[PDB]
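K.L.:
Questions regarding the structure given below will be posed in turn.
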Amino acid sequence: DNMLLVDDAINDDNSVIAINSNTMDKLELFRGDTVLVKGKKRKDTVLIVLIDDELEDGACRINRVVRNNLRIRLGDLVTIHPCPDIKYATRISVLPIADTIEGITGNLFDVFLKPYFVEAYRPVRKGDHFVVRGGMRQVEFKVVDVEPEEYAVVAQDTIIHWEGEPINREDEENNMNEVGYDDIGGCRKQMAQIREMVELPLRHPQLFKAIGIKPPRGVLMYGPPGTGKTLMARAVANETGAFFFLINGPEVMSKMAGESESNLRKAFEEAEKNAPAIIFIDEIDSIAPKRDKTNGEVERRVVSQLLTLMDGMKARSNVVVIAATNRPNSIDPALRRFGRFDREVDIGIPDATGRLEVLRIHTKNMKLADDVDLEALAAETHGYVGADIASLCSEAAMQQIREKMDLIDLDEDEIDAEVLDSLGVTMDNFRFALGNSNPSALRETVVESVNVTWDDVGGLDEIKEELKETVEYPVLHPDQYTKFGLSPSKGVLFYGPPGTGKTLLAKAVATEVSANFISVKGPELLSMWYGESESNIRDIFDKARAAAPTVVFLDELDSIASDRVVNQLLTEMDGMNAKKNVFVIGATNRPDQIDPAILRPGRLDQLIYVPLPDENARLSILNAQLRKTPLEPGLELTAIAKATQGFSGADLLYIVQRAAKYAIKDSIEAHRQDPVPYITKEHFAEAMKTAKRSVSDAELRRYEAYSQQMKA
Amino acid sequence: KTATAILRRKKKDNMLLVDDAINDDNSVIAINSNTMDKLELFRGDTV
Ligand SMILES: Nc1ncnc2c1ncn2[C@@H]1O[C@H](COP(=O)(O)OP(=O)(O)OP(=O)(O)O)[C@@H](O)[C@H]1O
Ligand SMILES: Nc1ncnc2c1ncn2[C@@H]1O[C@H](COP(=O)(O)OP(=O)(O)O)[C@@H](O)[C@H]1O
């Protein structure tokens with residue numbers, strides 16, 4: 001309860017805090033004694049306390065400048081401590097800021113020396129920012145150095161130094177050394193995992209000694225490029241507050257032989273000296289790539305030196321190693337063994353909420369126009385990693401500049417600020433920028449979340465119940481199976497007509513158990529067979545393990561039944577431990593090319609037939625499609641449902657699409673010559689007249705015969 | 001339409017047309033008094 005609520009202060013004094021007597025009573029503080037106020041992200045200050053009975057109990061009085069220095073907002077909670085070790089400063093060095101001295105020249109140091117420090121005894125601390133009035137300006141300076149440590153008080157006898165040059169303000173902000181949790185969004189799970197893996201060894205090492213265990217050291221986070229891995233590592237390191245020493249893979253690999261070993265040895269030794277510390281790496285694959293493809297001696301010696309350093313790490317030392325790599329399996333396998341990088345973390349493409357949070361964070365400084373619907377942008381952006389969102393914001397701003405530049409002339413070296421006042425990004429600019437982006441993460445197998453529920457499935461109730469019993473129960477009821485000893489099945493294979501709603505069932509099942517869906521289309525398997533694709537099925541299953549629980553989906557599994565990929569899939573699937581929350585769902589419209597070994601126990605043994613939707617199912621699917629496009633009042637879909645015997649969900653969707661296209665064409669013609677913002681009966685009549693069936697009756701007979709034979 | 005906005009240059013009065021001079025003077029250039037009046041130019045001042 002000692003935490004006190006931050007309250008806005010009208011007075012601008014930078015070293016005075018006015019509080020009610022009850023505030024002192026709670027902490028038993030004494031009048032005339034400075035106090036230490038600590039906020040967030042290792043920010044603290046020392047202030048002289050005053051008694052102000054007007055302020056209500058628990059309400060403080062700190063000027064906005066001090067709150068800005070502490071990096072806190074109004075109404076926040078700050079910890080208050082006494083200052084029994086109050087000390088005065090002997091030598092303090094401070095330098096000015098150039099942008100703060102614009103409009104007035106001369107040396108204001110002597111001007112401010114006496115008036116602002118005439119026995120004031122204002123407490124000072126490293127990095128403090130204080131504003132003093134000179135001439136017609138209010139100039140703010142920073143506390144470059146103070147001695148003796150740690151904070152001290154500004155006494156008259158203190159010697160003030162001002163020999164130096166100005167330093168910009170925004171330069172400190174852009175240093176990137178100060179980025180808290182507030183600068184990251186959409187990675188709650190990964191952020192929590194990293195915090196629990198790093199903080200505990202460093203912040204509270206005594207726990208492991210109490211329980212008698214060697215704390216883990218090797219942490220390895222991997223994900224698609226431009227996903228924020230470096231930003232997350234930097235943020236967690238700054239939050240911890242331990243000494244941080246980064247190593248860039250490209251930098252280390254860029255120096256002649258021997259120099260790299262020297263750099264690594266020096267970095268490791270220095271980190272050991274300053275425990276607690278955290279060692280971070282970038283593109284660890286570059287320095288220690290797969291050996292089968294790079295047989296050079298240089299990479300071998302570098303990776304061996306790294307392994308020796310990792311092994312030589314002492315038992316008791318607050319040091320944690322982190323690494324980043326785009327491909328989890330590209331790095332040399334030797335680093336994945338016990339006593340090395342073992343705590344693996346997977347970062348996937350953020351979902352709608354994650355994209356919304358990232359977009360909110362990035363667009364916190366731009367002059368957004370009046371109409372901004374970031375929710376819609378998040379909904380449209382599917383498969384966008386954070387870097388692409390930043391690029392989108394930059395491109396939209398550039399488009400706004402293009403729109404507004406014609407007013408100004410670029411030949412003149414000066415641009416009127418009144419024009420700048422009008423700068424603002426409109427929704428159309430964001431639409432255009434979204435049109436001119438180039439997402440690339442989605443093009444490869446990446447774990448992403450899905451939010452499809454059973455409602456979106458038009459029927460197949462029996463299949464729903466059977467799949468629930470097969471999969472969902474052991475996920476949340478393992479104790480029952482352990483008691484009865486029955487092992488849980490994993491391999492479920494859907495067979496039936498194409499476009500009958502299989503991927504949707506897989507997504508629904510994945511969403512049921514709150515697991516990360518993974519999609520691997522047949523062309524990807526074919527490319528892996530040809531070897532062109534960088535990824536390998538080993539990588540797919542490793543990511544699935546690291547992101548457990550997960551649902552892997554194999555679309556068009558018959559396309560590879562190629563024998564090498566079949567054998568590799570069999571080996572990986574069988575080697576998987578059943579108790580793990582990993583499930584494989586296969587899809588195929590030709591349940592004949594599949595090799596018999598695929599149907600063995602402990603593999604894709606469960607077979608599920610997918611029938612064509614019934615009239616009720618077709619009606620439900622039609623209702624599902626028509627959610628955002630308005631319809632003619634009184635429209636009846638029963639005729640459409642009854643007239644679509646033998647149709648598939650995809651065929652009905654195509655019918656809806658062509659009807660909507662006809663409606664839009666009619667609207668365009670009417671506008672040329674929005675009186676019709678919806679569809680009417682005539683469009684559906686046209687569509688049904690243009691109807692067909694993607695599956696012939698002979699195929700239905702074949703599937704029915706196969707299903708009956710399987711049943712028998 | 002607007003993607004080429006930067007390329008075009010806004011028009012302004014100070015830009016003037018080029019023609020071969022009747023006289024042979026090099027450091028001396030002559031303009032109509034109307035141009036000086038629009039630009040408030042006078043005699044005795046270099047350009
Ligand atoms: N929450 C976030 N998640 C992802 N990217 C973010 C986030 N917030 C900001 N960014 C942007 O993402 C980039 C930071 O991630 P970065 O590109 O360094 O990741 P990376 O590709 O994993 O890094 P590395 O170079 O170490 O391999 C910057 O553009 C930053 O602006
Ligand atoms: N129960 C269902 N049966 C058939 N189609 C459905 C069902 N539920 C939804 N759909 C629709 O059918 C489409 C199926 O697309 P797709 O996944 O390409 O075919 P399939 O699922 O047969 O592989 C989806 O766009 C979806 O809107």
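Each chain in the structure tokens gets a letter, A, B, ..., in the order shown, and its residues are numbered from 1; ligands are numbered from 1 in order too.
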Please extract the residues of chain B with a backbone DSSP assignment of helix (DSSP H, G or I) and present them as a ChimeraX atom specification.
P.N.:
/B:33-39
K.L.:
Could you work out which residues of chain A fall inside 8 Å of chain B? Count only C-alpha atoms, and format the result as a PyMOL selection string.
P.N.:
chain A and resi 402-403+405-406+408-409
K.L.:
Please dump the current selection as a PDB file, in the first residue's frame; keep N, CA and C atoms.
P.N.:
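And here's selection.pdb as it stands now:
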```
ATOM      1  N   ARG A 402       2.093  13.108 -51.060  1.00  0.00           N
ATOM      2  CA  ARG A 402       1.861  13.280 -52.492  1.00  0.00           C
ATOM      3  C   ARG A 402       0.614  14.113 -52.739  1.00  0.00           C
ATOM      4  N   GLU A 403      -0.456  13.837 -51.994  1.00  0.00           N
ATOM      5  CA  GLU A 403      -1.692  14.590 -52.186  1.00  0.00           C
ATOM      6  C   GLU A 403      -1.496  16.066 -51.867  1.00  0.00           C
ATOM      7  N   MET A 405       1.366  17.877 -51.623  1.00  0.00           N
ATOM      8  CA  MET A 405       2.558  18.577 -52.088  1.00  0.00           C
ATOM      9  C   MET A 405       2.231  19.602 -53.164  1.00  0.00           C
ATOM     10  N   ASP A 406       1.235  19.321 -54.008  1.00  0.00           N
ATOM     11  CA  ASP A 406       0.938  20.221 -55.118  1.00  0.00           C
ATOM     12  C   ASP A 406       0.682  21.642 -54.635  1.00  0.00           C
ATOM     13  N   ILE A 408       2.338  23.152 -52.286  1.00  0.00           N
ATOM     14  CA  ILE A 408       3.626  23.753 -51.983  1.00  0.00           C
ATOM     15  C   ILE A 408       4.541  23.623 -53.191  1.00  0.00           C
ATOM     16  N   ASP A 409       5.629  24.387 -53.168  1.00  0.00           N
ATOM     17  CA  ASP A 409       6.684  24.315 -54.170  1.00  0.00           C
ATOM     18  C   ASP A 409       7.946  23.799 -53.493  1.00  0.00           C
TER      19      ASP A 409
END
```
K.L.:
Which residues form the shell of 7 Å around ligand 1 when you count only C-alpha atoms and all ligand atoms, given as a list in words?
P.N.:
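The residues near ligand 1 are residues 183, 184, 185, 186, 225, 226, 227, 228, 229, 230, 231, 282, 283, 324, 325, 358, 362, 385, 386, 387 and 390 of chain A.
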K.L.:
For CA of residue 608 (chain A) and CA of residue 489 (chain A), determine how far apart the two atoms are, in Å to one decimal place.
P.N.:
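A separation of 13.7 Å between them.
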K.L.:
Residues up to 10 Å from ligand 2, counting only C-alpha atoms and all ligand atoms: could you list those as a PyMOL selection string?
P.N.:
chain A and resi 454-461+494-507+555-556+587-589+610-614+617-618+620-622+624-625+647-654
K.L.:
What parts of region 377-574 of chain A does DSSP call strand (DSSP E or B)? I'd like the answer as a PyMOL selection string.
P.N.:
chain A and resi 425+448+491-495+516-520+550-554
K.L.:
Please provide the set of residues having any atom within 8 Å of residue 157 (chain A), restricted to only C-alpha atoms, with same-chain residues fewer than 2 positions apart removed, written as a PyMOL selection string.
P.N.:
chain A and resi 90+155+159
K.L.:
Show me, as an MDAnalysis selection string, the residues that have an atom within 8 Å of region 430-440 of chain A when counting only C-alpha atoms, minus same-chain residues fewer than 5 positions from it.
P.N.:
chainID A and resid 383:385 388 391:393 395:396 399 425
K.L.:
Write a file of the selected residues as a JSON list (two decimals), in the first residue's frame, keeping N, CA, C and O atoms.
P.N.:
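Result file again_16.json:
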```
[["chain", "number", "residue", "atom", "x", "y", "z"],
["A", 383, "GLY", "N", -2.38, -11.91, -42.37],
["A", 383, "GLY", "CA", -1.04, -12.34, -42.71],
["A", 383, "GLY", "C", -0.01, -11.24, -42.71],
["A", 383, "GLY", "O", 1.04, -11.39, -43.35],
["A", 384, "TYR", "N", -0.27, -10.14, -42.02],
["A", 384, "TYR", "CA", 0.67, -9.02, -41.93],
["A", 384, "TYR", "C", 1.44, -9.11, -40.62],
["A", 384, "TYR", "O", 0.83, -9.14, -39.55],
["A", 385, "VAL", "N", 2.76, -9.15, -40.72],
["A", 385, "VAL", "CA", 3.62, -9.06, -39.54],
["A", 385, "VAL", "C", 3.82, -7.58, -39.21],
["A", 385, "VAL", "O", 3.47, -6.71, -40.01],
["A", 388, "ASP", "N", 5.49, -5.15, -41.76],
["A", 388, "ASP", "CA", 4.63, -4.75, -42.87],
["A", 388, "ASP", "C", 3.65, -3.67, -42.45],
["A", 388, "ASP", "O", 3.33, -2.79, -43.25],
["A", 391, "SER", "N", 5.53, -0.45, -42.47],
["A", 391, "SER", "CA", 5.70, -0.03, -43.86],
["A", 391, "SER", "C", 4.40, 0.54, -44.41],
["A", 391, "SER", "O", 4.41, 1.52, -45.17],
["A", 392, "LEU", "N", 3.27, -0.06, -44.04],
["A", 392, "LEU", "CA", 1.97, 0.45, -44.49],
["A", 392, "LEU", "C", 1.73, 1.86, -43.97],
["A", 392, "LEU", "O", 1.27, 2.73, -44.71],
["A", 393, "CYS", "N", 2.02, 2.10, -42.69],
["A", 393, "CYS", "CA", 1.86, 3.44, -42.15],
["A", 393, "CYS", "C", 2.74, 4.44, -42.88],
["A", 393, "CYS", "O", 2.30, 5.53, -43.24],
["A", 395, "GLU", "N", 3.94, 4.24, -45.92],
["A", 395, "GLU", "CA", 3.47, 4.44, -47.29],
["A", 395, "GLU", "C", 2.22, 5.31, -47.32],
["A", 395, "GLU", "O", 2.06, 6.14, -48.22],
["A", 396, "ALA", "N", 1.32, 5.13, -46.36],
["A", 396, "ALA", "CA", 0.14, 5.98, -46.29],
["A", 396, "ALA", "C", 0.54, 7.43, -46.05],
["A", 396, "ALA", "O", -0.02, 8.35, -46.67],
["A", 399, "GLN", "N", 1.75, 8.81, -49.25],
["A", 399, "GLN", "CA", 0.64, 9.13, -50.14],
["A", 399, "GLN", "C", -0.01, 10.45, -49.76],
["A", 399, "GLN", "O", -0.38, 11.25, -50.62],
["A", 425, "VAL", "N", -3.59, 12.04, -42.41],
["A", 425, "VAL", "CA", -3.77, 10.84, -43.21],
["A", 425, "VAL", "C", -5.25, 10.45, -43.18],
["A", 425, "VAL", "O", -5.82, 10.24, -42.11]]
```
